[PDB]
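Chains as they are written, first to last, in the UniProt record's numbering: chain Y, 2 to 152; chain X, 10 to 74; chain P, 2 to 71; chain L, 13 to 128.
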Amino acid sequence: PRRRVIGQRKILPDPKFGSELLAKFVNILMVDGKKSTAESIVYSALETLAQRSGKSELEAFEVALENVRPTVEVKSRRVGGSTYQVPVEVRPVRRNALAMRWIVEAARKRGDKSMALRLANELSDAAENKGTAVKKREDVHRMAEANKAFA
Amino acid sequence: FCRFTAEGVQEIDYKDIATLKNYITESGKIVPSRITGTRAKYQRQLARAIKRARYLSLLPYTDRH
Amino acid sequence: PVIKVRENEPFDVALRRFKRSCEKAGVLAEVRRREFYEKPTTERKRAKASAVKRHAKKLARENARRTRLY
Amino acid sequence: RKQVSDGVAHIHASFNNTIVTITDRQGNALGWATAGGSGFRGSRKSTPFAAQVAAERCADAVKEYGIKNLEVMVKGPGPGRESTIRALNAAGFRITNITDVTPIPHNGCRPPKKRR
RNA sequence: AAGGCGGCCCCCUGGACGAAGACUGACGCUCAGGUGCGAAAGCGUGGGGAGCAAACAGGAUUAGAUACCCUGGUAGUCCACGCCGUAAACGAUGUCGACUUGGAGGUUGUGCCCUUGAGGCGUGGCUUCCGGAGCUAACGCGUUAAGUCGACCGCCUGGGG
Ligand SMILES: [Mg+2]
Ligand SMILES: [Mg+2]
Ligand SMILES: [Mg+2]
Ligand SMILES: [Mg+2]
Ligand SMILES: [Mg+2]
Ligand SMILES: [Mg+2]
Ligand SMILES: [Mg+2]
Ligand SMILES: [Mg+2]
Ligand SMILES: [Mg+2]
Ligand SMILES: [Mg+2]
């Protein structure tokens, strides 16, 4: 806002694995305010990923994050006739909460059979450095570098 | 202080270049009076002294020739 | 502003020394002035309007010196 | 070829572009690189970064001449006026002097008119 | 004197200012009509033409764009000699006098001591800024008055036409 400095609120850690980062993932996933269905979607999907690829479900979910987390993005600034982007580094809290949004929107597009399927796949490709989430991260990184002489 | 040529009450001369080189910069431009403190009556003679030494090649016009 | 680098040192002091050499020489303060032609009446008006403003701040300093704000 | 030992780096910066040329001490040029052809056509060829990449390109195509020490000679007051020297330092050359050869007239020809 | 005057050197020349003395002895001030000088643009006859650049041509923005912006570009700007005789030619303030509290400066002579080294003491000529009394419609001016007075000249008499 104009003057206020805002302290954020801690959300309840997830019931199963006791990690607030997971508990934030379901909150972004949840649509229309219903955690019961959303928690089922993530829990079944995470179980699917963990069974197929490796152990330590927390690390299994984490590996996708380090492949989608952005580093620098562009914010538009206007001076005269035309406005041009300016690169700027991204704070760590934004990086964690920007990646989950990219994954979720990517999942909602895949034409799989059910939401538990699409989320399961999207985390799988991201853990292998592939998929719509990673390309969207790449588009930001390529555009922040296509024009970066501005500062 | 600012008294250098006030003791030497003459006309500032052009064959004495050891005096002159302290009133020019590294590039060869003339230092303004506001820095050296020389008064107006002796700055004009000093300015003419340089331009008489510049023509006779005793002093450089510019830094790079 | 010809500068010859000295014995060793890193690149920066000689580089930053070069910039300080040009600032004293005022090379950039001249090229921008001669980039376009200003009419001799604008030449005199600009010089005077700078001087009278320079003096006005000089007298206004003593006015604020004598007064207190709180 | 001809394995010239020490050369000169002429930088013709300007308000709208930047041209970098590396010659021998006799004045015979070797190779050049500009921000315009470096891939910044438009409103970008006049930034310190675009000058930096231009100097980096000029450090190439002179490998066949084996330049090692440079006499950087700046000209043409513009944006890419200093950032293109430190880029030459990134190229590995050890420069030995820096000069500002900018043509200053002693009130010569009348300049163009002012812009409205 | 006003217009105006800017690298360096020479040879022709005008006007200011100061010190201390001599000389002439009212020889003065203003000035209708006249006479002279008078930026830039412009004109005539010869030269010169680098850079700028009216007109002109193309590109762009625009509803249009005979403009602003970009790319080129002729007269002109330069020299010699003649015309023109006008400008917001403006401190928008005619010239010459005497008088009327003060500060901060600049520039240029000087006569003393204290040539005690820097320094202090006084007297003239121009010029910048701030301000007291006074002035006035107010802004403001204010020892260089728009203050208090003389001497001559020029001009003003509702707006448009
Ligand atoms: Mg131009
Ligand atoms: Mg008359
Ligand atoms: Mg003319
Ligand atoms: Mg003519
Ligand atoms: Mg002709
Ligand atoms: Mg034009
Ligand atoms: Mg008239
Ligand atoms: Mg005038
Ligand atoms: Mg009048
Ligand atoms: Mg006053």
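Beta carbons are placed, not taken as given, at the ideal position from N, Cα and C, and that holds for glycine.
With distances taken between CB atoms, is the gap from L/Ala25 to L/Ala45 smaller than 7 Å? In the fourth sequence, residue 25 of chain L corresponds to position 13, counting from 1. In the fourth sequence, residue 45 of chain L corresponds to position 33, counting from 1. Contact: no.
I need the straight-line Cα distance from L/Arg69 to Y/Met116, nearest angstrom please. The count along the fourth sequence starts at 1 and reaches residue 69 of chain L at position 57. The count along the first sequence starts at 1 and reaches residue 116 of chain Y at position 115. Approximately 51 Å between the Cα atoms of the pair.
Enumerated in chain order, which unbroken segments of the alpha helix (DSSP H) with a length of 4 residues or greater are wholly contained in the stretch 77-140 of chain Y? For the stretch 77-140 of chain Y, whole alpha helix (DSSP H) runs of length 4 or above, ordered along the chain, are 93-110, 116-128.
Should X/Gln52 be labelled buried (16 or more other beta-carbon atoms within 10 Å of its own) or exposed? Along the second sequence, one-based indexing puts residue 52 of chain X at 43. Note on X/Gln52: 16 or more other CB atoms within 10 angstroms of its CB, so buried under the neighbour-count rule.
I need the boundaries of the alpha helix (DSSP H) containing L/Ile97, first residue and last residue. Position 85 of the fourth sequence, counted from the start, is the residue given in the question as residue 97 of chain L. First-last of the alpha helix (DSSP H) with L/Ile97: 95-102.
Taking the alpha helix (DSSP H) that L/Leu42 belongs to, which residues open and close that run? Translated into positions along the fourth sequence, residue 42 of chain L becomes position 30. It is not in any alpha helix (DSSP H) - L/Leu42 instead sits in the beta strand (DSSP E) that spans 41-46.
Is there contact between the stretch 84-100 of chain L and the stretch 55-64 of chain L, where contact requires at least three CB pairs shorter than 8 Å? Verdict: yes, contact present.
Could you pull out every residue in the same chain whose Cβ sits closer than 6 Å to the Cβ of Y/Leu118, ignoring the five residues on either side in sequence? Stepping through the first sequence from its first residue, residue 118 of chain Y is reached at position 117. Exclusion of the five residues before and after Y/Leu118 leaves no residue of its chain whose Cβ lies closer than 6 Å to its Cβ.
Closest to P/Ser22 by C-alpha separation, out of P/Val3, P/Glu44, P/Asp13, P/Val32, would be which residue? Residue 22 of chain P sits at position 21 when you count from the first residue of the third sequence. Selected option, being the one with the closest Cα: P/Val3.
Between X/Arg43 and chain P, is there a C-beta pair that is closer than 7 Å? On the second sequence, position 34 is the one that residue 43 of chain X refers to. It does not; no Cβ of chain P falls within 7 Å.
Interface positions of the stretch 29-47 of chain P facing chain X (Cβ-Cβ less than 7 Å), listed along the chain: Shown here is that no member of the stretch 29-47 of chain P has a Cβ falling below 7 Å from a Cβ of chain X.
Output needed in chain order: residues of the stretch 39-70 of chain L with a Cβ under 8 Å from some Cβ in chain Y. Within the stretch 39-70 of chain L, those residues whose Cβ lies closer than 8 Å to any Cβ of chain Y are, in chain order, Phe52, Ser55, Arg56, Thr59, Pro60, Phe61, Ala62.
Examine chain X for any beta-carbon lying closer than 7 Å to the beta-carbon of P/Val14, and answer yes or no. For the purposes of this step, residue 14 of chain P is taken as the residue at position 13 of the third sequence. Chain X contact via Cβ: absent.
First through last residue of the beta strand (DSSP E) which encompasses L/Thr111: Residue 111 of chain L sits at position 99 when you count from the first residue of the fourth sequence. Secondary structure note for L/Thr111: its beta strand (DSSP E) is the uninterrupted segment 106-112.
For L/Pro115, count neighbouring C-beta atoms within 10 Å of its own C-beta (all shown protein chains included) and say buried if the count is 16 or more, exposed if not. Here residue 115 of chain L is taken as the residue at index 103 of the fourth sequence, counted from 1. When all chains shown are included, L/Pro115 counts as exposed.
Based on the DSSP output, what are the partners of L/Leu82 in its beta bridges? Locating residue 82 of chain L in the fourth sequence gives position 70, counting from the first residue. BP columns for L/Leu82 point to L/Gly19, L/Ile107.
With distances taken between CB atoms, is the gap from Y/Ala107 to Y/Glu129 smaller than 7 Å? By one-based count along the first sequence, residue 107 of chain Y stands at place 106. By one-based count along the first sequence, residue 129 of chain Y stands at place 128. Cβ atoms of Y/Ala107 and Y/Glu129: not closer than 7 Å.
Should X/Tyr32 go down as buried or exposed, given a rule of 16 or more other Cβ atoms within 10 Å for buried? As a position in the second sequence, residue 32 of chain X is number 23, starting the count at 1. Around the beta-carbon of X/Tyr32, 16 or more other beta-carbon atoms lie within 10 Å, marking it buried.
Take Y/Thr84 and list the residues in its own chain whose beta-carbon comes closer than 7 Å to its own, dropping the five residues that flank it on each side. Reading the first sequence from its first residue, position 83 is the one you call residue 84 of chain Y. When the five nearest sequence neighbours on each side are left out, the beta carbons in the same chain lying within less than 7 Å of the beta carbon of Y/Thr84 are those of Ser77, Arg78, in order along the chain.
What residues match up with L/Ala25 in a beta bridge as DSSP calls it? For this step, residue 25 of chain L is matched to residue 13 along the fourth sequence. Answer by DSSP bridge pairing, in chain order: L/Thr30.
Is it right to say X/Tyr23 is buried, meaning 16 or more other beta carbons lie within 10 angstroms of its own, or is it exposed? As a first step, residue 23 of chain X must be located in the second sequence, where it is residue number 14. X/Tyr23 is buried by the Cβ-count criterion.
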